[PDB]
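Colleague: What follows is upload24.txt, made up of compact mmCIF, C-alpha atoms:
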```
# COMPACT_ATOMS: atom_id res chain seq x y z
CA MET A 1 -33.23 -4.23 22.55
CA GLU A 2 -32.95 -2.38 19.25
CA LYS A 3 -29.62 -0.82 20.24
CA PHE A 4 -28.53 -4.45 20.32
CA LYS A 5 -30.13 -5.14 16.93
CA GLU A 6 -28.73 -1.97 15.31
CA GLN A 7 -25.19 -2.02 16.67
CA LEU A 8 -24.74 -5.72 16.15
CA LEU A 9 -26.22 -5.94 12.65
CA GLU A 10 -24.61 -2.78 11.20
CA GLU A 11 -21.21 -3.84 12.57
CA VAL A 12 -21.73 -7.31 11.05
CA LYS A 13 -22.49 -5.97 7.59
CA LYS A 14 -19.27 -4.00 8.07
CA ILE A 15 -17.16 -7.10 8.80
CA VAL A 16 -18.59 -9.33 6.08
CA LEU A 17 -17.81 -6.36 3.82
CA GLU A 18 -14.17 -5.86 4.92
CA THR A 19 -13.32 -9.54 4.75
CA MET A 20 -14.78 -9.49 1.25
CA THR A 21 -12.60 -6.49 0.32
CA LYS A 22 -9.61 -8.61 1.21
CA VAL A 23 -10.68 -11.80 -0.59
CA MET A 24 -11.22 -9.49 -3.53
CA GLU A 25 -7.72 -8.05 -3.60
CA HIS A 26 -6.40 -11.57 -3.55
CA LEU A 27 -8.70 -12.74 -6.27
CA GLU A 28 -7.56 -9.74 -8.21
CA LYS A 29 -3.99 -10.90 -8.16
CA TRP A 30 -5.20 -14.33 -9.18
CA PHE A 31 -6.96 -12.75 -12.11
CA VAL A 32 -4.05 -10.65 -13.31
CA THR A 33 -1.54 -13.52 -13.12
CA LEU A 34 -4.21 -15.64 -14.80
CA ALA A 35 -4.42 -13.10 -17.61
CA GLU A 36 -0.66 -13.34 -17.96
CA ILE A 37 -1.02 -17.12 -18.44
CA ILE A 38 -3.70 -16.37 -21.06
CA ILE A 39 -1.42 -14.07 -23.03
CA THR A 40 1.71 -16.27 -22.79
CA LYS A 41 0.56 -19.83 -21.86
CA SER A 42 3.67 -20.58 -19.78
CA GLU A 43 4.05 -23.46 -17.29
CA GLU A 44 6.42 -20.95 -15.73
CA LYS A 45 3.72 -18.31 -15.26
CA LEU A 46 1.55 -21.13 -13.91
CA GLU A 47 4.07 -22.04 -11.22
CA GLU A 48 4.07 -18.32 -10.54
CA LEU A 49 0.28 -18.30 -10.14
CA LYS A 50 0.62 -21.29 -7.87
CA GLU A 51 3.13 -19.62 -5.56
CA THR A 52 0.89 -16.57 -5.49
CA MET A 53 -2.32 -18.30 -4.54
CA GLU A 54 -0.24 -20.11 -1.97
CA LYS A 55 0.93 -16.92 -0.29
CA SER A 56 -2.65 -15.60 -0.60
CA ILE A 57 -4.17 -18.46 1.32
CA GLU A 58 -1.17 -18.29 3.71
CA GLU A 59 -2.32 -14.68 4.33
CA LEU A 60 -5.96 -15.67 4.74
CA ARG A 61 -5.18 -18.57 7.05
CA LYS A 62 -3.21 -16.17 9.14
CA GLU A 63 -6.02 -13.64 9.30
CA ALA A 64 -8.86 -16.14 9.89
CA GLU A 65 -7.30 -17.28 13.16
CA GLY A 66 -6.38 -14.08 15.04
CA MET B 1 -24.00 -5.59 29.09
CA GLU B 2 -21.61 -5.04 26.17
CA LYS B 3 -19.00 -7.77 26.89
CA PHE B 4 -21.42 -10.32 25.47
CA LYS B 5 -21.84 -8.25 22.28
CA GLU B 6 -18.04 -8.31 22.06
CA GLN B 7 -17.73 -12.09 22.32
CA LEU B 8 -20.51 -12.80 19.80
CA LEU B 9 -19.21 -10.35 17.19
CA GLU B 10 -15.69 -11.79 17.31
CA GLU B 11 -16.81 -15.36 16.91
CA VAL B 12 -18.81 -14.05 13.94
CA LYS B 13 -15.83 -12.43 12.21
CA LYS B 14 -13.89 -15.64 12.72
CA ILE B 15 -16.63 -17.82 11.19
CA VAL B 16 -16.68 -15.63 8.10
CA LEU B 17 -12.89 -15.85 7.74
CA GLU B 18 -12.96 -19.65 8.10
CA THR B 19 -15.66 -20.10 5.47
CA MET B 20 -14.02 -17.67 3.09
CA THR B 21 -10.58 -19.32 3.25
CA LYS B 22 -12.19 -22.69 2.65
CA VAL B 23 -13.70 -21.15 -0.46
CA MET B 24 -10.25 -19.90 -1.34
CA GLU B 25 -8.71 -23.36 -1.13
CA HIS B 26 -11.44 -24.31 -3.62
CA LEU B 27 -11.01 -21.34 -5.95
CA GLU B 28 -7.37 -22.42 -5.97
CA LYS B 29 -7.80 -25.76 -7.69
CA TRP B 30 -10.35 -24.08 -9.95
CA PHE B 31 -7.83 -21.42 -11.07
CA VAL B 32 -4.99 -23.83 -11.69
CA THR B 33 -6.92 -26.44 -13.71
CA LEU B 34 -8.27 -23.42 -15.51
CA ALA B 35 -4.70 -22.36 -16.32
CA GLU B 36 -4.05 -25.90 -17.58
CA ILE B 37 -7.02 -25.80 -19.94
CA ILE B 38 -5.61 -22.40 -20.95
CA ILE B 39 -2.25 -23.86 -21.89
CA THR B 40 -3.15 -27.22 -23.46
CA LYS B 41 -6.74 -26.64 -24.75
CA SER B 42 -7.65 -30.01 -23.28
CA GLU B 43 -11.18 -31.28 -23.65
CA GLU B 44 -10.06 -33.85 -21.08
CA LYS B 45 -8.94 -31.15 -18.68
CA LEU B 46 -12.26 -29.43 -19.30
CA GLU B 47 -13.86 -32.58 -18.01
CA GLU B 48 -11.40 -32.65 -15.14
CA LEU B 49 -12.50 -29.15 -14.24
CA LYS B 50 -16.17 -30.02 -14.39
CA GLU B 51 -15.67 -33.13 -12.28
CA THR B 52 -13.57 -31.31 -9.71
CA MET B 53 -15.92 -28.39 -9.27
CA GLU B 54 -18.82 -30.82 -8.89
CA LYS B 55 -17.10 -32.66 -6.05
CA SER B 56 -15.69 -29.52 -4.51
CA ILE B 57 -19.14 -28.07 -4.33
CA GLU B 58 -20.62 -31.22 -2.80
CA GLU B 59 -17.88 -31.04 -0.16
CA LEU B 60 -18.98 -27.42 0.32
CA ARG B 61 -22.59 -28.51 0.87
CA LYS B 62 -21.73 -31.15 3.48
CA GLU B 63 -20.44 -28.48 5.90
CA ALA B 64 -23.73 -26.60 6.16
CA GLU B 65 -25.35 -29.59 7.86
CA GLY B 66 -24.94 -28.83 11.58
CA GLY C 1 -40.25 -15.32 24.06
CA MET C 2 -36.50 -15.21 23.33
CA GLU C 3 -36.99 -17.14 20.13
CA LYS C 4 -38.70 -14.20 18.41
CA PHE C 5 -35.72 -11.85 18.76
CA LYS C 6 -33.16 -14.53 17.82
CA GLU C 7 -35.11 -15.32 14.67
CA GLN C 8 -35.39 -11.73 13.44
CA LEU C 9 -31.73 -11.23 14.14
CA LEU C 10 -30.45 -14.27 12.26
CA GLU C 11 -32.77 -13.25 9.47
CA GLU C 12 -31.03 -9.92 8.97
CA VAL C 13 -27.66 -11.69 9.27
CA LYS C 14 -28.54 -13.84 6.30
CA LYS C 15 -29.92 -10.70 4.60
CA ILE C 16 -26.72 -8.68 4.88
CA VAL C 17 -24.71 -11.72 3.77
CA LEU C 18 -26.90 -12.17 0.66
CA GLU C 19 -26.73 -8.50 -0.27
CA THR C 20 -22.96 -8.17 0.05
CA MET C 21 -22.31 -11.38 -1.86
CA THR C 22 -24.56 -10.20 -4.72
CA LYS C 23 -22.36 -7.09 -4.85
CA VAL C 24 -19.14 -9.16 -5.01
CA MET C 25 -20.80 -11.21 -7.73
CA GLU C 26 -21.46 -8.12 -9.78
CA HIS C 27 -17.78 -7.19 -9.49
CA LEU C 28 -16.71 -10.70 -10.41
CA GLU C 29 -19.06 -10.79 -13.39
CA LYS C 30 -17.47 -7.69 -14.88
CA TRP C 31 -14.10 -9.34 -14.21
CA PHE C 32 -15.22 -12.34 -16.20
CA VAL C 33 -16.33 -10.20 -19.14
CA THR C 34 -12.98 -8.49 -19.63
CA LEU C 35 -11.11 -11.72 -18.87
CA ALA C 36 -12.95 -13.58 -21.64
CA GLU C 37 -12.24 -10.56 -23.80
CA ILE C 38 -8.56 -11.36 -23.26
CA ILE C 39 -9.20 -15.05 -24.00
CA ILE C 40 -10.68 -14.37 -27.41
CA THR C 41 -8.54 -11.41 -28.43
CA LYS C 42 -5.38 -11.48 -26.30
CA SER C 43 -4.92 -7.70 -26.46
CA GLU C 44 -2.88 -6.29 -23.58
CA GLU C 45 -4.85 -3.07 -23.57
CA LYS C 46 -7.37 -5.44 -22.03
CA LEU C 47 -4.93 -6.28 -19.28
CA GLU C 48 -4.63 -2.56 -18.55
CA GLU C 49 -8.40 -2.50 -18.33
CA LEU C 50 -8.60 -5.51 -16.07
CA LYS C 51 -6.06 -3.93 -13.74
CA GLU C 52 -8.09 -0.70 -13.62
CA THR C 53 -11.31 -2.66 -13.07
CA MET C 54 -10.12 -4.82 -10.18
CA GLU C 55 -8.70 -1.68 -8.65
CA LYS C 56 -11.93 0.24 -8.77
CA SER C 57 -13.85 -2.79 -7.48
CA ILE C 58 -11.64 -3.02 -4.38
CA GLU C 59 -11.79 0.80 -4.24
CA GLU C 60 -15.56 0.82 -3.94
CA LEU C 61 -15.47 -2.06 -1.47
CA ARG C 62 -13.20 -0.11 0.85
CA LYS C 63 -15.63 2.79 0.29
CA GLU C 64 -18.62 0.68 1.43
CA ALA C 65 -16.84 -0.68 4.49
CA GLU C 66 -16.52 3.00 5.48
CA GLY C 67 -20.13 3.68 6.44
CA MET D 1 -27.60 -17.75 29.46
CA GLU D 2 -24.69 -18.33 27.08
CA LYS D 3 -26.73 -21.07 25.39
CA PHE D 4 -28.38 -18.19 23.51
CA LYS D 5 -24.95 -17.47 22.03
CA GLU D 6 -24.45 -21.19 21.42
CA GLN D 7 -27.54 -21.49 19.18
CA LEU D 8 -26.78 -18.18 17.53
CA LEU D 9 -23.25 -19.27 16.57
CA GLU D 10 -24.30 -22.62 15.13
CA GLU D 11 -26.98 -20.83 13.11
CA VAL D 12 -24.64 -18.24 11.63
CA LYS D 13 -21.95 -20.85 10.90
CA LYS D 14 -24.68 -22.57 8.93
CA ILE D 15 -25.95 -19.41 7.24
CA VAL D 16 -22.54 -18.50 5.91
CA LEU D 17 -21.53 -22.02 4.79
CA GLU D 18 -24.74 -21.95 2.81
CA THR D 19 -24.55 -18.55 1.18
CA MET D 20 -21.05 -19.49 0.00
CA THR D 21 -22.25 -22.77 -1.52
CA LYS D 22 -25.00 -20.90 -3.43
CA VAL D 23 -22.52 -18.48 -4.94
CA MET D 24 -20.11 -21.35 -5.71
CA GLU D 25 -22.79 -23.01 -7.87
CA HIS D 26 -22.94 -20.05 -10.23
CA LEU D 27 -19.22 -19.74 -10.32
CA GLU D 28 -19.02 -23.34 -11.42
CA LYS D 29 -21.51 -22.55 -14.17
CA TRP D 30 -19.31 -19.63 -15.21
CA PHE D 31 -16.22 -21.84 -15.23
CA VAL D 32 -17.85 -24.50 -17.44
CA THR D 33 -18.66 -21.65 -19.81
CA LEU D 34 -15.21 -20.03 -19.65
CA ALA D 35 -13.39 -23.29 -20.35
CA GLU D 36 -15.58 -23.85 -23.37
CA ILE D 37 -14.82 -20.33 -24.68
CA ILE D 38 -11.13 -21.11 -24.17
CA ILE D 39 -11.38 -24.14 -26.44
CA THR D 40 -13.66 -22.41 -28.94
CA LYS D 41 -13.24 -18.63 -29.08
CA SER D 42 -16.77 -17.77 -30.29
CA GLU D 43 -18.65 -14.57 -29.49
CA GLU D 44 -21.59 -16.96 -29.17
CA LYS D 45 -20.11 -18.33 -25.96
CA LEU D 46 -19.30 -14.76 -24.99
CA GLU D 47 -22.82 -13.38 -25.12
CA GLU D 48 -24.03 -16.60 -23.59
CA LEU D 49 -21.71 -16.28 -20.60
CA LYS D 50 -23.21 -12.83 -20.12
CA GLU D 51 -26.71 -14.34 -20.04
CA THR D 52 -25.74 -16.98 -17.45
CA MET D 53 -23.92 -14.57 -15.15
CA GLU D 54 -27.11 -12.52 -15.41
CA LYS D 55 -29.46 -15.37 -14.35
CA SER D 56 -27.16 -15.96 -11.40
CA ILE D 57 -26.93 -12.42 -10.05
CA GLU D 58 -30.70 -11.87 -10.28
CA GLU D 59 -31.47 -15.23 -8.71
CA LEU D 60 -29.30 -14.01 -5.83
CA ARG D 61 -30.87 -10.53 -5.95
CA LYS D 62 -34.47 -11.64 -5.38
CA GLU D 63 -32.98 -14.05 -2.85
CA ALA D 64 -31.95 -11.24 -0.49
CA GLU D 65 -35.75 -10.58 -0.33
```
As structure tokens, what does this structure read like?
Modeller:
Amino acid sequence: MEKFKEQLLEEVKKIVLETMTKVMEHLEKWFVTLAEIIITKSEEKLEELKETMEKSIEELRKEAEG
Amino acid sequence: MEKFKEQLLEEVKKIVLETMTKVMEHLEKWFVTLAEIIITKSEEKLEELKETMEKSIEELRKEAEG
Amino acid sequence: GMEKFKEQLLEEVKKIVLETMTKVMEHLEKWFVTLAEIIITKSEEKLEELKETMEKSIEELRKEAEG
Amino acid sequence: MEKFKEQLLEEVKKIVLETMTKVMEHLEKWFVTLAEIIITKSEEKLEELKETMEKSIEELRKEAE
């Protein structure tokens, strides 16, 4: 049952990968807004970062169900 | 035949997504207390960060059992 | 009997997971380098970098998902 | 014979929970280090964060083997 092994395991590496690509975009945004906080140090920019991360996990939550 | 492959793969993708988003809920706290230590330079908030990552991680470990 | 197959298969599941997460960790570690750069210096040129770097990380990740 | 699937799912659930906790450890290390370079902006901490990130990725590299 190697067709089973091959199909299943190659497809799986694919999905782990894609999901990562997404958690990476998000993280990216977290990093850029975080850099903005670094440059300015603004409770404002921090509430911004909060709202972002919140919409990001809103997105993930969404996707994880399907 | 293939219908079983289908079912297994989907449950797999889901599991990934669940685990990832749980990580993202964690990354969240980590980012925001990080932004705090950015803004106030707190040695106390440094401790708060260390403490919170410690416990967050332990709460990560306790899922793998099962 | 069955247990043999099952074992091998889970094994390579854990394998592919380990490999892809080490890749994400390499991306993240670059991210941390330029981010700390911003911490110590606070030059915005560095924010232009960081943008470019995240972008090419997610770029290559899309590129890998496309086997 | 769905019980095959049953075992397989529990196992993978496990496997992934675990791989994520191993990466999370090194992130925590990197966050301890980053917070301390925030307080004290020393190239010392800089080069030393490089070293730790390094230990982590290689630990995980050999691990795939």
Colleague: Pairing every Cα of chain B with chain A in order, what RMSD remains after the least-squares superposition?
Modeller: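 Between these identical-sequence chains, the C-alpha RMSD is 0.7 Å.
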Colleague: Tell me as JSON, numbers by chain which residues belonging to chain B come within 12 Å of chain C, counting only C-alpha atoms.
Modeller: {"B": [9, 12, 16, 20, 34, 35, 37, 38, 39, 41]}
Colleague: Show me a table, sorted first by chain and then by increasing residue number, of the residues of chain C having an atom at most 6 Å from chain D, each with its shortest atom pair and the distance in Å to one decimal, counting all atoms listed in the file and written as a tab-separated table.
Modeller:
```
residue	atom	partner	partner_atom	distance
C:15	CA	D:64	CA	5.5
C:18	CA	D:64	CA	5.3
C:19	CA	D:64	CA	5.9
C:40	CA	D:41	CA	5.2
```
Colleague: State, in Å with one decimal place, the distance from atom CA of residue 50 of chain A to atom CA of residue 52 of chain B.
Modeller: 17.5 Å
Colleague: Chain B near chain A within 12 Å: what's each residue's closest atom pair and its distance in Å to one decimal, counting only C-alpha atoms, ordered by chain then ascending residue number, as a tab-separated table?
Modeller:
```
residue	atom	partner	partner_atom	distance
B:1	CA	A:4	CA	9.9
B:2	CA	A:4	CA	9.1
B:4	CA	A:4	CA	10.6
B:5	CA	A:8	CA	7.2
B:6	CA	A:8	CA	9.3
B:7	CA	A:8	CA	11.3
B:8	CA	A:8	CA	9.0
B:9	CA	A:8	CA	7.3
B:10	CA	A:12	CA	9.8
B:11	CA	A:65	CA	10.4
B:12	CA	A:12	CA	7.9
B:13	CA	A:15	CA	6.5
B:14	CA	A:64	CA	5.8
B:15	CA	A:64	CA	8.1
B:16	CA	A:16	CA	6.9
B:17	CA	A:64	CA	4.6
B:18	CA	A:64	CA	5.7
B:19	CA	A:64	CA	9.0
B:20	CA	A:23	CA	7.7
B:21	CA	A:60	CA	6.1
B:22	CA	A:57	CA	9.2
B:23	CA	A:23	CA	9.8
B:24	CA	A:57	CA	6.8
B:25	CA	A:57	CA	7.1
B:26	CA	A:57	CA	10.6
B:27	CA	A:27	CA	8.9
B:28	CA	A:53	CA	6.7
B:29	CA	A:50	CA	9.5
B:30	CA	A:30	CA	11.1
B:31	CA	A:34	CA	7.8
B:32	CA	A:50	CA	7.2
B:33	CA	A:46	CA	10.0
B:34	CA	A:34	CA	8.8
B:35	CA	A:37	CA	6.7
B:36	CA	A:46	CA	8.2
B:37	CA	A:41	CA	9.8
B:38	CA	A:38	CA	6.3
B:39	CA	A:41	CA	4.9
B:40	CA	A:41	CA	8.4
B:41	CA	A:41	CA	10.4
```
Colleague: What is the distance, in Å and to one decimal place, between atom CA of residue 48 of chain D and atom CA of residue 20 of chain C?
Modeller: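 Distance reported for this atom pair: 25.1 Å.
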Colleague: If I take atom CA of residue 7 of chain C and atom CA of residue 10 of chain D, how far is one from the other in Å, to one decimal?
Modeller: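 Here the two named atoms are 13.1 Å from each other.
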Colleague: Let me make sure I understand: among D:13, D:29, D:55, D:3, which one has the smallest atom-to-atom distance to chain B if we use all atoms listed in the file?
Modeller: D:13
